[PDB]
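Here the protein sequences line up with chains C and B, keeping their order. Residue numbers for the first sequence follow the entry's author numbering, so the first one is 28 and each next one is one higher. Residue numbers for the second sequence follow the entry's author numbering, so the first one is 28 and each next one is one higher.
There are 2 protein chains.
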Amino acid sequence: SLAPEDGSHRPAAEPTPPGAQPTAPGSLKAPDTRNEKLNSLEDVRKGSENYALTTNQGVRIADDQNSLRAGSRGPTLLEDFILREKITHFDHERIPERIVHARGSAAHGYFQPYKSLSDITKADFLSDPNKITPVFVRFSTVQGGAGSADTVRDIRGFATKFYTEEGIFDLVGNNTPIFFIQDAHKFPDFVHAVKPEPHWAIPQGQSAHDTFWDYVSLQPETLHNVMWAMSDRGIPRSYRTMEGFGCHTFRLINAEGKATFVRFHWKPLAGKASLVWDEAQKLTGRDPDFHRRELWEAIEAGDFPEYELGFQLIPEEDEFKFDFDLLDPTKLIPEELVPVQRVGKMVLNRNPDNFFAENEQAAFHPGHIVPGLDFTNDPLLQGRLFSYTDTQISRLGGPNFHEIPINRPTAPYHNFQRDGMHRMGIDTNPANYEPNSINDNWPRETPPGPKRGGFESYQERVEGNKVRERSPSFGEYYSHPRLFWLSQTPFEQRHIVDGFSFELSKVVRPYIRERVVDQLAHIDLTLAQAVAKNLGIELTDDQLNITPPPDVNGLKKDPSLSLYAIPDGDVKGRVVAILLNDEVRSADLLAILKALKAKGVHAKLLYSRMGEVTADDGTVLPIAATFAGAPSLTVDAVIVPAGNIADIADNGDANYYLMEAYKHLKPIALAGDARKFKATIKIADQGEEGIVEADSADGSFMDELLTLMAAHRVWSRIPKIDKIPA
Amino acid sequence: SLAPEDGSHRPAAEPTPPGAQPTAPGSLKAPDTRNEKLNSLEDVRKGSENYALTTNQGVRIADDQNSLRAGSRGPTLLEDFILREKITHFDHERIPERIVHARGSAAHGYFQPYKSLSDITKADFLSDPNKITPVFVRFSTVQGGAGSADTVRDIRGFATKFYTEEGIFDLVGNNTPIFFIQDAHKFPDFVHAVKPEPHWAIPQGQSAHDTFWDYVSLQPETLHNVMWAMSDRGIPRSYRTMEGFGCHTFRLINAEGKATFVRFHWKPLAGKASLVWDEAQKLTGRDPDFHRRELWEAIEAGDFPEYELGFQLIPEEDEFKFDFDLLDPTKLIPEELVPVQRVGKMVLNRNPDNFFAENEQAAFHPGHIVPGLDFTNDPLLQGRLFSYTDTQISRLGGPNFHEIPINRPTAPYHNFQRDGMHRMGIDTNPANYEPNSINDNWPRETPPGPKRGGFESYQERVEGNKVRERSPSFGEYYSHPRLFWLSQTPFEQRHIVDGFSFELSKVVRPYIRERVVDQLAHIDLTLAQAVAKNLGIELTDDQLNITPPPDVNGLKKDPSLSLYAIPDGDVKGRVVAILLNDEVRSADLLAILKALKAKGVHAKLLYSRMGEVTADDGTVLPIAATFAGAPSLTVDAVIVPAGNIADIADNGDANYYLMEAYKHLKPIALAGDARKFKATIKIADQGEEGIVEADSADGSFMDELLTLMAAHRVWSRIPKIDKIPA
Ligand code: HDE
Ligand code: HDD
Ligand SMILES: [S]
Ligand SMILES: [S]
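Take a look at the structure:
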């Protein structure tokens, strides 16, 4: 026995807050959580306790510490098959990563609709509020490799595999409502431009380089999604606090054969929240795994990520009722014009067991639809249809990638396809073709119908010549970027300006920055001048006189496009740093922790070293991390209780902890002599909004602090920060 | 036409300092840098100017902006073969990354010996000082994926492919002289322990997690390399400023067949330099591509990376003369006992053209030796010989990986091997077997000989039973850790303490931290106490009393193990940040740039925005980056010239710049009114060693600055930085 006698090696198999226990595989942490899909993976789950160590051929190994050699200082012999099997498996562990979205984090869960949608769709998973559908959801970035950082500025993917009783439906979305380009033929061009440059393979996880901004400057269709990426949307706080969108117009098809256009939405029930750029960037260094870690620890805590599925619905006969083409994936449909109708709730409640087997090998593809759904002619969606099947043949080693356990339908699947590399299923059908008599033609086709019917495409009318031609209706590039911009708060606009400004300062060829500034002046002059000023560029008289683009169907803003215009904060599962000292005042700490617990807010107790400290009244306080070990970047607010403040008053790290938190607009709360730290962030004796302070940590000290956390960040502090050296 | 009128899109084909030009593929940047290997790649280089855009089948494309569809808003057609070919190639771009050392950066160069080594080896590439051998070298980290960060704490790889006239010789080394483990059979155990943990795939690029420290605590053979990784060796400033080592005893064999034992060394002619932990970690967020960028830009500037190849030579009759085993790759050979003989110089002088084709597909393997070299029974080397061939079958797609251009020998190769996936060579030999009569037995075997002979193994005597058993002579784990510890300066010791303390604080299971502290107590009590103190652990009485391990063959230290004990600094190729103001004293900047140019030291002019500022005498000064866009992390020293200091005096970013540089021990120089900044870093009126200050940037000012830079960092500053909030 190598395990410690007290069993402190094994994580408690029960919900525990982040940091309290080591993390564990899902089926060990949460054995009582189940769903149909998790149940069906049991046949491939492999345990370990009380088993002998073997080869893959089931032969017990006696010595797993040494190779076979001719004498104990001799050459290794070719007959050591135990060595070669173990080294061969290791030698071939890696598979190609995804072309895009290589970096991502996944969890199991379930979905249920609020009511039957049988009036608008015959999709079985939406037919009955008691029907529960297991899901597997992978969130991701786009540009960087599987080993790149989480808190980059980038679009995020949000892909949901629904294991329905009528097939797999994959909803393969992103965290913005549009894309950079219109036609799929340009996808390798765009992706090449944003990816690391081909001579030197720099930069990782970043659009802040020449080729990306060259492409944007030469393809104004990209401006709409670029505005989103340059906004704080590009740097979410958590996968739990971002929106999801299906990107395209799809169709719902009802039992009667009626088609309704649909765009898919995910609403985060934890609310919308993003980092700020300095924070996000430093965080890629302090913890490049932050969002992966946060997702996993949320689920281990019982802070289950929850999302409401919603549909924007447009009748067929309303196809041309807008200023923009519904099929144009660079156009959003404003919620002011077409409301999101709520459809159901998805809850992610179990982590995987093995990240490679379940997460890296999962394959999601938007052509995986089910009867009651269908496509449209969106020419980006159209080409996606080819890519997501094709790419699996190298990534997952061939055409049996549906037999990889995570990818298996829970619905029955039977057909006449055979063979391929890694073939698992052993077909007993005397026939591998149809029509056949020798098995009475089974498995048999099934006519379309209201439920459990075969898939038939909606008989959309097609008329025109075979052309490689962009629709004239897609030839408008500025009005949606402008609607987005005008829908942002003044501080969200500031962050957009600083996004473009920082990124363009990393473009080495000046003309490319000038070209991009010219594009911005076709969107909004204020935006354009503000970026220009940061780049030392002066707008020409002609640029000053560019007529703004028209509003979008009469709208001059839509507040649903703003992260923050309409409060939707939720403090459950946020985290607070508590800065300890060698003699904490216990009455302050009890009050703090009691208030945080009651709202589901976590805490981490920090000090200048590991171990424990002791409060005035003798309570032993265990330390979670050092100031340097768990920086303010990783938390939502900072509280400093009273006591022996002198112990940390000249600690560089403790001071800088409050400076970095202050700079990043986080709430800060100071009790009694911890008010001494006001000097380091230059707060006046009268105090300021966003800094909570009092003689002791209650009456209303915690309610104040928690009100501030509900509003996420202290935007009014923005003017004060530039003067702090942090 | 899309390029600018003024031609500023194309970088000058002449050496230019970092940031002065956009970087470019090596054959365009330096078309006249040639060697036999670079020339031999010409058959596969493909240009682009003035060529028509085509399919892979040579069909010209008219419209590369659109898919073929039925009507300009209609569905995409399956007959669009131009779209599918383009998307197919994209969908299959990725190949598996290396199992280890997936993150790496590579360059072309050449090697040439200082004299003939025919007395000790018949290796042709070492036979004459006139023999120029092309090389391709790849530097790497170990743990993180291909998209992980450069300045992590890790071991680094240093792999050199020598294209000799008698075959490829790959010297596949690392930046420390030993490894973590003794026997290859345990490599997958160690690597899985260090890699992201299997449930959740965290952490990336870090050993700072439970499983690594669990293994280390259970496997004391690891402790020697762990000491190296926890030192500043684990965070090099640059691939140019680290040592390299062949890791194992090999043999040289001469024309008379005498075997000499050899360990290989690469000595950086730019000297030894590393970062400090906070700076490295933060750098992984500010520029995860820092080392890749710095290598590429050094070569573009003419700061070619230079290394001297060195041999420690031990006669065969001396095999048992040391108190460690020569075959134990966890043991180093102290240079005080066996000096390094300087044998030749390697210069890296050209970057690749396409990173994926030349860097990512390069295959190095230490079994690739030539006549004149041979192996030993080192049980780690022994198992390596199996792995580096086997792993390429999946990584590079089959057994013809030597036909991928970068991998091809420049020496002739002919044999009877045929077929395999993507077979390039078309064999005309009527025979595919030997012995054969139908081709008069060609190609024919060659007897071993003094030159151009076939390979024959050294006839080492082997005597012993077939056993899986570790040699008893390997069973000593603490004396080399202790020699390394005692050979470091007191500041290098402090950083080792900090590295253990920081990593162990990130281990969630406390008993693992305790067990590692017990191992430290077997190495050195002072080390063990300092780490324990940072972890709130108290040494027991037994631990205070463990007898230290013996000295190594009478040695109680060897200064060659220190990065810094013996001065070795070279300033050529280093970079200074110069913080501008809106009216710089031009006379300061003339002198600063003058003196920096004379020592080959580069500069970046930094300000609060991009564009230009104008000096007092009207000189226009282009701005390279903002203070926040190019942080002090990225420079070796900071200079603030006189002028309008009021402009920047209250810039938080400008103040922080100097705080961060100060905290990281970098030389700072301040002229005239720049001395106002002393107050932000708490410098007494009387000054401080490591802060250069004068009325103006005269001649003595720059000499003192350049002196500090030759010594790398200001170690005497360490006790002052604890109080600085940065
Ligand atoms: C709307 C949300 C969205 C959009 C518009 C696109 N992606 Fe995605 N993508 C693949 C190809 C592809 C194409 C051809 C287009 C437009 C033509 C898009 N993308 C835009 C892919 C290369 O086939 C892909 C990589 C590996 C794979 O299996 O599919 C792919 C990835 C991807 C993901 C990741 C899925 C996961 O495993 O987590 C997501 C969420 C998207 N795309 C969304 C998406
Ligand atoms: C028995 C397994 C094994 C063992 C014990 C070692 N290696 Fe290794 N090494 C591999 C198996 C391997 C590998 C899995 O085969 C890699 C990764 C993929 C590749 O092409 O080779 C590799 C890559 C690799 C590289 C990168 C080559 C490149 O840049 O493409 C370096 C520098 C080293 N190794 C160096 C070392 C050192 C210095 C070791 C100890 C002294 C060592 N290896 C032990
Ligand atoms: S999209
Ligand atoms: S080694």
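Backbone N, C-alpha and C define an ideal beta-carbon position, used for all residues, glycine too.
| Query | Result |
| --- | --- |
| Limits of the alpha helix (DSSP H) - the one that residue 762/C falls within | Only positions 28 to 753 of chain C appear in this structure, which leaves residue 762/C out of reach. |
| Given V397/C as reference, the closest of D314/C, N281/C and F351/C once Cα atoms are compared | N281/C |
| Rounded distance between the beta-carbons of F391/C and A150/C, thought under 8 Å | Actually they are not in contact, since the Cβ atoms of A150/C and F391/C sit about 17 Å apart, beyond 8 Å. |
| Contact residues within the segment 675-700 of chain B, judged by C-beta distance below 7 Å to chain C | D677, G679, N682, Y683 and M686 |
| Three-state secondary structure assigned by DSSP to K299/C | coil |
| contact_flag[the segment 339-347 of chain B, the segment 38-54 of chain B] where n(CB pairs < 8 Å) is 3 or more | no |
| Within 5 Å of ligand 6: residues by beta-carbon to any heavy atom | The model on display carries ligand 1, ligand 2, ligand 3 and ligand 4 but not ligand 6. |
| Ligand 1 heavy atom lying under 7 Å from the CB of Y415/C | yes |
| CB contact check: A389/C to chain B, cutoff 8 Å | no |
| Bridge partner(s) assigned by DSSP for residue 778/C | Outside the displayed range of chain C (28 to 753) lies residue 778/C, so it cannot be described from this structure. |
| Same chain only: Cβ atoms within 6 Å of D674/C, ignoring 5 sequence neighbours per side | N608 and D609 |
| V662/B, enclosing beta strand (DSSP E) - first and last residue | From DSSP, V662/B is part of no beta strand (DSSP E); its letter is neither H nor E. |
| Environment of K583/B [buried if 16+ CB atoms lie within 10 Å] | exposed |
| Interface partners of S498/B on chain C, CB under 8 Å | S99 and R100 |
| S635/B to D551/C span [Cα, whole Å] | 24 Å |
| Segment contact, 8 Å Cβ cut-off, at least three pairs: the segment 404-411 of chain B with the segment 363-383 of chain B | no |
| Straight-line Cα distance separating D241/C from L554/C | 19 Å |
| Proximity test, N201/C beta-carbon vs ligand 3 heavy atom, cut-off 7 Å | yes |
| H128/B Cβ short of 7 Å to ligand 2 heavy atom set | yes |
| Boundaries (first-last residue) of the beta strand (DSSP E) holding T734/C | Note, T734/C: premise wrong, no beta strand (DSSP E); alpha helix (DSSP H) at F728 to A737. |
| Residues near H429/B in its chain [Cβ-Cβ closer than 7 Å; skip 5 each side] | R435 |
| Distance between beta carbons of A133/B and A389/B, contact taken as under 8 Å | 6 Å |
| Other residues of its chain near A688/B: CB distance less than 7 Å, five sequence neighbours each side excluded | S659, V665 and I695 |
| Minimum Cβ-Cβ distance from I433/C to chain B less than 8 Å | no |
| Rounded C-alpha distance that separates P140/C from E112/B | 41 Å |
| Below-8 Å beta-carbon distance, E639/B vs any chain C residue | yes |
| Residue nearest to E343/B in terms of C-alpha spacing, selected from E327/B, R488/B and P44/B | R488/B |
| Residues near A328/C in its chain [Cβ-Cβ closer than 8 Å; skip 5 each side] | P42, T43, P44, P45, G600 and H629 |
| Pair within 8 Å by beta-carbon distance, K690/B and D305/B | yes |
| Residue-level contact to chain B via CB, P58/C, 8 Å cutoff | no |
| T574/B classed as buried or exposed, judged by whether at least 16 other C-beta atoms fall within 10 angstroms | exposed |
| For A559/B and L566/B, the rounded distance between their alpha carbons | 7 Å |
| Of the listed residues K624/C, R509/C and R744/C, nearest to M729/C (C-alpha basis) | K624/C |
| Any non-hydrogen atom of ligand 1 closer than 7 Å to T418/C Cβ | yes |
| Proximity below 8 Å, CB of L590/B to CB of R180/B | no |
| Cβ contact check for the segment 409-427 of chain B and the segment 198-218 of chain B: 3 or more pairs under 8 Å | yes |
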